Amino acid sequence: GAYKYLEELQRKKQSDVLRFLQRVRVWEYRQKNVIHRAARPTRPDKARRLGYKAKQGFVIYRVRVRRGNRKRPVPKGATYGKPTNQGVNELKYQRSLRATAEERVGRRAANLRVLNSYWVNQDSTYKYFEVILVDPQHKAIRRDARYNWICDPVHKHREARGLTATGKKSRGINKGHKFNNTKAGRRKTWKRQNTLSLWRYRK
Amino acid sequence: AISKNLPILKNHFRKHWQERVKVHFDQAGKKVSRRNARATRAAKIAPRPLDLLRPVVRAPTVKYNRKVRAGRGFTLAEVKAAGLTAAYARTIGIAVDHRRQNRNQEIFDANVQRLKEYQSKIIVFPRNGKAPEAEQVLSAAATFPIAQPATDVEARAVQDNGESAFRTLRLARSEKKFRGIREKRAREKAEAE
Amino acid sequence: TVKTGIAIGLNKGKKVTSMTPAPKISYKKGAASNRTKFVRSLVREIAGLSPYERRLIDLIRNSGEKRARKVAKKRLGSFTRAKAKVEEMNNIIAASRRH
Amino acid sequence: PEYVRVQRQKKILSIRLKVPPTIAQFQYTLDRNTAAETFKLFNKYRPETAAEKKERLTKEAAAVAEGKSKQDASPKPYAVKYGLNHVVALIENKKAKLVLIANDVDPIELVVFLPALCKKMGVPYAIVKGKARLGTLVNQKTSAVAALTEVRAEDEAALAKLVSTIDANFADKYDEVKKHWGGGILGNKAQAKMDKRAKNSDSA
RNA sequence: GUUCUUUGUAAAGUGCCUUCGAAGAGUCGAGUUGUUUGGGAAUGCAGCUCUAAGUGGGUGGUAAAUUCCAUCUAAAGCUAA
RNA sequence: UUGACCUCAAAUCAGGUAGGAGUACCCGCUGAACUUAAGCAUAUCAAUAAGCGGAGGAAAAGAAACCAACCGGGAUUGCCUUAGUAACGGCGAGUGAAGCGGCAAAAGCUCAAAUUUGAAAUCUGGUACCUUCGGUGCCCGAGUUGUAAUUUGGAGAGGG
Ligand SMILES: [K+]
Ligand SMILES: [Mg+2]
Ligand SMILES: [Mg+2]
Ligand SMILES: [Mg+2]
Ligand SMILES: [Mg+2]
Ligand SMILES: [Mg+2]
Ligand SMILES: [Mg+2]
Ligand SMILES: [Mg+2]
Ligand SMILES: [Mg+2]
Ligand SMILES: [Mg+2]
Ligand SMILES: [Mg+2]
Ligand SMILES: [Mg+2]
Ligand SMILES: [Mg+2]
Ligand SMILES: [Mg+2]
Ligand SMILES: [Mg+2]
Ligand SMILES: [Mg+2]
């Protein structure tokens with residue numbers, strides 16, 4: 001409906017009308033700070049789809065992140081090991097830019113819990129994502145049983161532990177033979193398979 | 001370090017396995033703890049037998065399809081045939097699973113047969129009634145055993161028509177092996193230029 | 001479609017009484033959704049074509065289906081996706097001026 | 001301050017770049033004199049206020065108990081319908097008899113599609129100046145839409161000439177504004193620079 | 001356990017006939033690159049580029065073309081032992 | 001001859017929350033080398049130690065874009081097996097999981113996308129009162145760029 005016009009239009013991100021807006025918008029975000037409060041979502045369709053509700057306590061942040069690989073921070077490219085570890089310029093930091101931005105806003109609004117995030121614009125040097133936050137101290141969120149699971153401490157800093165949407169996507173956590181290597185957690189999985197399980201009555 | 005005639009071993013012990021060795025000294029301690037858990041769960045819950053009624057259902061994987069085993073929960077179709085709605089059965093201790101589908105009548109009729117039997121064996125306590133002592137039973141699965149269906153009768157007379165089972169078996173495999181090959185030649189031989 | 005009753009052959013396995021149960025509402029993930037078809041048409045009329053989509057339509061009009069589908073395969077992921085793209089471009093070009 | 005500097009630079013960039021035809025159909029705003037009349041008519045259809053809702057509920061509740069009222073203790077209301085989801089569904093049901101949308105919505109994706117959709121159902125639409133006045137229409141701060149479906153008998157005259165006036169400006173003009181590109185403004189120093197070039201070179 | 005509470009034409013459940021049936025994008029997917037995996041014409045993850053559809057999409061452990069079938073339905077979320 | 005919008009501010013404004021510690025276990029990022037190969041570079045050690053960020057009494061995963069290919073099972077997790085097997089590997093040294101089967105425990109679910117439009121029906125705050133982990137009244141404010149009821153695919157809704 002009224003949001004599917006927003007949804008279906010957004011599929012045509014390369015369309016003539018949107019190319020005007022993104023180019024205008026990427027200029028608008030560039031001039032402002034790296035992290036700044038967003039008065040209202042730029043994509044109210046996407047936010048509601050993703051769980052944002054026009055309620056007091058929901059916080060929206062815009063963040064810009066540098067693009068590209070993670071240059072190995074060894075001094076002057078000296079790695080001091082076998083030649084397979086000499087590679088420095090071509091390391092990929094196997095965790096998404098969406099996660100990297102999501103950490104930074106999570107640190108910025110340290111009192112607060114990251115729900116999810118979605119990108120809004122990009123260029124060659126930067127990526128821009130707009131981040132959804134939920135306020136667990138506002139009584140509107142402690143009440144409202146649809147959302148009071150936020151108020152529990154067990155999900156605090158959901159963003160840093162890889163419990164967010166892109167975190168699960170990056171951790172490789174999904175069902176199938178295609179994910180058997182990392183199903184219950186790669187490190188958790190590794191420990192279980194490399195454990196020598198001994199019973200008192202030896203088999 | 002290779003000695004005389006001895007078999008090749010592949011014992012994988014070149015990582016720091018010393019750090020991850022779980023020796024189950026707690027086997028005895030865990031079993032009493034579990035028996036303690038079952039007892040307190042039984043006393044805590046109402047006089048219900050610690051488990052849900054599980055369907056009679058065929059195993060996959062022809063290595064094991066010769067057998068029957070308990071399923072996770074009943075299909076919606078089976079529960080409807082019993083005369084309940086799906087939500088209500090879970091309240092009574094009947095496990096319902098939406099992922100399974102019925103493509104086998106004998107399995108379908110077997111379940112509804114045990115559904116009616118279970119219904120015969122229930123007293124549902126009214127929400128604001130008397131609730132007399134019901135001599136709580138511990139295991140519904142023990143009360144409703146799984147029976148392996150009998151496939152045939154003990155004795156019969158042979159009806160050998162000279163079928164020469166290999167000629168049945170070998171040609172069935174030969175017919176499948178060249179199956180698509182035969183229609184291919186149907187494409188050329190019915191081409192009629 | 002009845003099983004042959006034996007462990008070998010095309011339809012191997014035992015003969016059992018089928019029901020072919022009532023279908024799930026899933027398997028309709030590619031549903032029609034007349035209103036959604038309407039929305040797709042509407043957004044098609046507001047928003048024009050991608051530059052690359054326009055290049056493919058020009059390939060349709062001048063150079064031909066084989067090169068056009070080849071370029072669609074090169075741009076998009078799969079040859080099936082390329083076939084779908086060229087087919088919808090044929091529909092739109094037909095609905096266009098050369099009615 | 002930078003926020004002043006940024007916002008000024010927001011509009012100047014928005015015009016110097018070429019604007020696609022689909023947007024900047026909002027650059028044509030409904031003219032002054034008809035604007036007064038349109039809201040002069042619409043102000044007679046202000047929905048229930050905070051106080052007015054209370055008294056009707058009291059006079060209705062204090063009625064159903066003894067008068068056996070079957071929820072017909074109140075007249076059929078005639079008020080402006082607001083809400084983007086509310087309005088968009090209304091055109092799709094062809095119930096919107098007149099819809100006018102604010103032209104200053106920050107995310108244009110919320111309102112860019114609506115005038116084009118109104119044309120396809122043949123529903124009169126007006127690109128109107130000012131979301132703030134839309135808010136004061138319906139006792140809100142901002143509404144971004146305003147739709148009238150039902151009118152009193154004696155006020156049917158007002159819309160018909162008004163709809164002729166509005167449709168004469170936006171909906172009748174749809175097909176030509178649909179292929180009319182926007183933007184293309186050079187700066188004042190740039191414009192004087194080009195004219196200086198034209199007065200020297202072009203006109204010599 | 002039973003005693004003040006009585007909610008309330010307030011809400012819910014099942015049958016038949018019909019019209020529908022809304023379901024998530026710089027994301028799936030593809031190329032290339034690095035790491036990793038038992039995954040080997042490439043298991044996962046990430047970077048850059050291209051980047052969709054709705055009788056579609058993923059998978060069906062050998063790349064691709066052709067024709068089918070089975071199986072579920074991502075790019076949103078909670079949950080005790 | 002004015003006040004509403006949008007955005008951005010400041011205040012020792014009313015009220016809040018974050019920092020740090022511990023860290024055995026847990027969730028991620030980063031990440032070697034000794035060693036093995038009787039040398040050694042791919043490989044092994046190891047997706048480990050060291051480093052960084054983040055929780056709880058458990059954490060994580062969790063109700064299929066699953067596994068299968070059989071008459072098909074049906075959230076996740078743990079154990080016995082599968083199995084030192086399929087497969088990877090200067091096919092050398094070595095590495096090496098998953099389906100089924102038995103068992104423990106069992107549990108199922110919810111939002112966006114549906115105009116309530118004969119009635120923002122929704123929520124925070126402040127005040128007064130009372131039977132105060134709150135409730136009632138009143139008033140500001142949030143909110144139509146959408147807060148309640150309804151719906152979540154196993155369906156379900158408009159109708160009769
Ligand atoms: K190193
Ligand atoms: Mg979905
Ligand atoms: Mg690494
Ligand atoms: Mg203060
Ligand atoms: Mg050596
Ligand atoms: Mg040596
Ligand atoms: Mg460490
Ligand atoms: Mg603690
Ligand atoms: Mg526990
Ligand atoms: Mg957990
Ligand atoms: Mg979870
Ligand atoms: Mg599901
Ligand atoms: Mg399972
Ligand atoms: Mg290894
Ligand atoms: Mg506010
Ligand atoms: Mg219902």
# chains A, B, ... in the order shown; residues from 1 in each chain; ligands from 1

$ closest_atom_pairs --of "chain F" --to "chain D" --cutoff "9 Å" --atoms "only C-alpha atoms (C1' of nucleotides)" --output "Markdown table"
| residue | atom | partner | partner_atom | distance |
| --- | --- | --- | --- | --- |
| F:4 | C1' | D:132 | CA | 7.2 |
| F:5 | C1' | D:132 | CA | 4.7 |
| F:6 | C1' | D:106 | CA | 8.6 |
| F:7 | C1' | D:3 | CA | 8.0 |
| F:8 | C1' | D:3 | CA | 6.0 |
| F:115 | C1' | D:86 | CA | 4.7 |
| F:117 | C1' | D:81 | CA | 7.5 |
| F:118 | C1' | D:76 | CA | 5.9 |
| F:119 | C1' | D:48 | CA | 7.1 |
| F:144 | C1' | D:83 | CA | 4.4 |
| F:145 | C1' | D:110 | CA | 7.2 |
| F:146 | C1' | D:83 | CA | 7.5 |

$ interface_residues --of "chain B" --to "chain A" --cutoff "8 Å" --atoms "only C-alpha atoms" --output "PyMOL selection string"
chain B and resi 17+20-25

$ write_last_selection --atoms "N, CA and C atoms" --output "PDB file, in the first residue's frame"
ATOM      1  N   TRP B  17      45.236 -30.830  22.682  1.00  0.00           N
ATOM      2  CA  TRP B  17      44.066 -31.546  23.168  1.00  0.00           C
ATOM      3  C   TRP B  17      44.053 -31.671  24.682  1.00  0.00           C
ATOM      4  N   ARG B  20      41.294 -29.484  26.244  1.00  0.00           N
ATOM      5  CA  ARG B  20      39.886 -29.807  26.029  1.00  0.00           C
ATOM      6  C   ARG B  20      39.717 -31.318  26.125  1.00  0.00           C
ATOM      7  N   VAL B  21      39.506 -31.799  27.347  1.00  0.00           N
ATOM      8  CA  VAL B  21      39.196 -33.196  27.612  1.00  0.00           C
ATOM      9  C   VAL B  21      38.089 -33.195  28.653  1.00  0.00           C
ATOM     10  N   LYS B  22      36.895 -33.611  28.259  1.00  0.00           N
ATOM     11  CA  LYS B  22      35.750 -33.652  29.157  1.00  0.00           C
ATOM     12  C   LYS B  22      35.579 -35.095  29.602  1.00  0.00           C
ATOM     13  N   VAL B  23      35.969 -35.377  30.836  1.00  0.00           N
ATOM     14  CA  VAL B  23      35.843 -36.706  31.416  1.00  0.00           C
ATOM     15  C   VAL B  23      34.598 -36.735  32.287  1.00  0.00           C
ATOM     16  N   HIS B  24      33.683 -37.639  31.962  1.00  0.00           N
ATOM     17  CA  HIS B  24      32.343 -37.618  32.539  1.00  0.00           C
ATOM     18  C   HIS B  24      32.330 -38.336  33.888  1.00  0.00           C
ATOM     19  N   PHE B  25      32.968 -37.702  34.875  1.00  0.00           N
ATOM     20  CA  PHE B  25      32.786 -38.141  36.253  1.00  0.00           C
ATOM     21  C   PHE B  25      31.371 -37.898  36.748  1.00  0.00           C
TER      22      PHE B  25
END

$ residues_near_ligand --ligand "ligand 7" --cutoff "12 Å" --atoms "only C-alpha atoms (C1' of nucleotides) and all ligand atoms" --output "list in words"
residues 23, 29, 30, 31, 48, 49, 50, 51 and 52 of chain F

$ write_last_selection --atoms "N, CA and C atoms (P, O5', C5', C4', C3', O3' and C1' of nucleotides)" --output "PDB file, in the first residue's frame"
ATOM      1  P     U F  23      39.534 -12.537  37.200  1.00  0.00           P
ATOM      2  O5'   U F  23      38.633 -12.972  35.963  1.00  0.00           O
ATOM      3  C5'   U F  23      37.607 -13.942  36.107  1.00  0.00           C
ATOM      4  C4'   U F  23      36.851 -14.111  34.820  1.00  0.00           C
ATOM      5  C3'   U F  23      37.701 -14.465  33.614  1.00  0.00           C
ATOM      6  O3'   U F  23      37.972 -15.851  33.537  1.00  0.00           O
ATOM      7  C1'   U F  23      36.230 -12.698  33.059  1.00  0.00           C
ATOM      8  P     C F  29      34.177 -13.266  13.909  1.00  0.00           P
ATOM      9  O5'   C F  29      35.205 -12.055  13.922  1.00  0.00           O
ATOM     10  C5'   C F  29      34.852 -10.815  13.336  1.00  0.00           C
ATOM     11  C4'   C F  29      35.729  -9.695  13.823  1.00  0.00           C
ATOM     12  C3'   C F  29      37.207  -9.820  13.512  1.00  0.00           C
ATOM     13  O3'   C F  29      37.527  -9.432  12.190  1.00  0.00           O
ATOM     14  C1'   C F  29      36.931  -9.192  15.764  1.00  0.00           C
ATOM     15  P     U F  30      38.706 -10.179  11.398  1.00  0.00           P
ATOM     16  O5'   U F  30      40.013  -9.844  12.236  1.00  0.00           O
ATOM     17  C5'   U F  30      40.576  -8.542  12.233  1.00  0.00           C
ATOM     18  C4'   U F  30      41.713  -8.454  13.212  1.00  0.00           C
ATOM     19  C3'   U F  30      42.852  -9.434  12.982  1.00  0.00           C
ATOM     20  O3'   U F  30      43.794  -8.975  12.035  1.00  0.00           O
ATOM     21  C1'   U F  30      42.183  -9.538  15.235  1.00  0.00           C
ATOM     22  P     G F  31      44.463 -10.021  11.026  1.00  0.00           P
ATOM     23  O5'   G F  31      45.341 -10.953  11.966  1.00  0.00           O
ATOM     24  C5'   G F  31      46.425 -10.431  12.715  1.00  0.00           C
ATOM     25  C4'   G F  31      46.933 -11.448  13.701  1.00  0.00           C
ATOM     26  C3'   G F  31      47.196 -12.828  13.138  1.00  0.00           C
ATOM     27  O3'   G F  31      48.419 -12.923  12.436  1.00  0.00           O
ATOM     28  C1'   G F  31      45.958 -13.039  15.116  1.00  0.00           C
ATOM     29  P     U F  48      40.575 -20.140  16.774  1.00  0.00           P
ATOM     30  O5'   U F  48      41.475 -20.370  18.068  1.00  0.00           O
ATOM     31  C5'   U F  48      41.425 -21.595  18.782  1.00  0.00           C
ATOM     32  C4'   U F  48      42.738 -21.908  19.460  1.00  0.00           C
ATOM     33  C3'   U F  48      43.381 -20.767  20.225  1.00  0.00           C
ATOM     34  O3'   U F  48      42.842 -20.621  21.527  1.00  0.00           O
ATOM     35  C1'   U F  48      45.000 -21.793  18.846  1.00  0.00           C
ATOM     36  P     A F  49      42.719 -19.172  22.202  1.00  0.00           P
ATOM     37  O5'   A F  49      44.196 -18.854  22.701  1.00  0.00           O
ATOM     38  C5'   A F  49      44.893 -19.744  23.559  1.00  0.00           C
ATOM     39  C4'   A F  49      46.330 -19.325  23.728  1.00  0.00           C
ATOM     40  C3'   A F  49      46.556 -17.855  24.009  1.00  0.00           C
ATOM     41  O3'   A F  49      46.321 -17.501  25.359  1.00  0.00           O
ATOM     42  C1'   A F  49      48.020 -18.535  22.308  1.00  0.00           C
ATOM     43  P     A F  50      45.576 -16.124  25.714  1.00  0.00           P
ATOM     44  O5'   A F  50      46.565 -15.007  25.174  1.00  0.00           O
ATOM     45  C5'   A F  50      47.823 -14.801  25.785  1.00  0.00           C
ATOM     46  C4'   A F  50      48.625 -13.756  25.058  1.00  0.00           C
ATOM     47  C3'   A F  50      47.927 -12.433  24.804  1.00  0.00           C
ATOM     48  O3'   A F  50      47.868 -11.578  25.933  1.00  0.00           O
ATOM     49  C1'   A F  50      48.915 -13.149  22.816  1.00  0.00           C
ATOM     50  P     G F  51      46.471 -10.890  26.340  1.00  0.00           P
ATOM     51  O5'   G F  51      46.229  -9.808  25.205  1.00  0.00           O
ATOM     52  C5'   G F  51      47.146  -8.747  25.015  1.00  0.00           C
ATOM     53  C4'   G F  51      46.771  -7.909  23.823  1.00  0.00           C
ATOM     54  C3'   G F  51      45.370  -7.332  23.842  1.00  0.00           C
ATOM     55  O3'   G F  51      45.263  -6.162  24.632  1.00  0.00           O
ATOM     56  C1'   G F  51      45.755  -8.338  21.760  1.00  0.00           C
ATOM     57  P     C F  52      43.935  -5.892  25.491  1.00  0.00           P
ATOM     58  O5'   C F  52      42.858  -5.511  24.393  1.00  0.00           O
ATOM     59  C5'   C F  52      43.018  -4.343  23.610  1.00  0.00           C
ATOM     60  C4'   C F  52      41.850  -4.161  22.686  1.00  0.00           C
ATOM     61  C3'   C F  52      40.484  -4.253  23.341  1.00  0.00           C
ATOM     62  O3'   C F  52      40.079  -3.052  23.970  1.00  0.00           O
ATOM     63  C1'   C F  52      40.517  -5.612  21.425  1.00  0.00           C
TER      64        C F  52
END

$ select_by_dssp --residues "stretch 3-151 of chain A" --states "alpha helix (DSSP H)" --output "VMD selection string"
chain A and resid 3 to 11 16 to 31 44 to 50 97 to 108 139 to 142

$ interface_residues --of "chain B" --to "chain E" --cutoff "12 Å" --atoms "only C-alpha atoms (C1' of nucleotides)" --output "ChimeraX atom specification"
/B:34,37-38,41,80,83-88,99-100,128,130-131

$ interface_residues --of "chain A" --to "chain F" --cutoff "6 Å" --atoms "only C-alpha atoms (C1' of nucleotides)" --output "list in words"
residues 48, 49, 110, 111, 160, 161, 162 and 184 of chain A

$ residues_around --residues "residue C:50" --least-positions-apart "6" --cutoff "8 Å" --atoms "only C-alpha atoms (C1' of nucleotides)" --output "JSON list (two decimals) with C-alpha atoms, in the first residue's frame"
[["chain", "number", "residue", "atom", "x", "y", "z"],
["A", 12, "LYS", "CA", 14.67, 1.38, -8.74],
["A", 14, "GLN", "CA", 19.20, 3.62, -10.33],
["A", 15, "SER", "CA", 16.05, 5.27, -11.70],
["A", 16, "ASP", "CA", 16.06, 8.84, -12.94]]

$ residues_near_ligand --ligand "ligand 2" --cutoff "9 Å" --atoms "only C-alpha atoms (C1' of nucleotides) and all ligand atoms" --output "list in words"
residues 23, 24, 73, 74, 75 and 76 of chain E

$ write_last_selection --atoms "C-alpha atoms (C1' of nucleotides)" --output "PDB file, in the first residue's frame"
ATOM      1  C1'   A E  23       4.623 -11.786   3.113  1.00  0.00           C
ATOM      2  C1'   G E  24      10.774  -7.779   4.017  1.00  0.00           C
ATOM      3  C1'   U E  73      10.299 -19.379   1.678  1.00  0.00           C
ATOM      4  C1'   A E  74      15.871 -14.992   3.147  1.00  0.00           C
ATOM      5  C1'   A E  75      17.468 -10.065   2.905  1.00  0.00           C
ATOM      6  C1'   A E  76      12.448  -8.166  10.140  1.00  0.00           C
TER       7        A E  76
END

$ residues_near_ligand --ligand "ligand 1" --cutoff "7 Å" --atoms "only C-alpha atoms (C1' of nucleotides) and all ligand atoms" --output "number ranges by chain"
A: 79-81, 85; F: 32
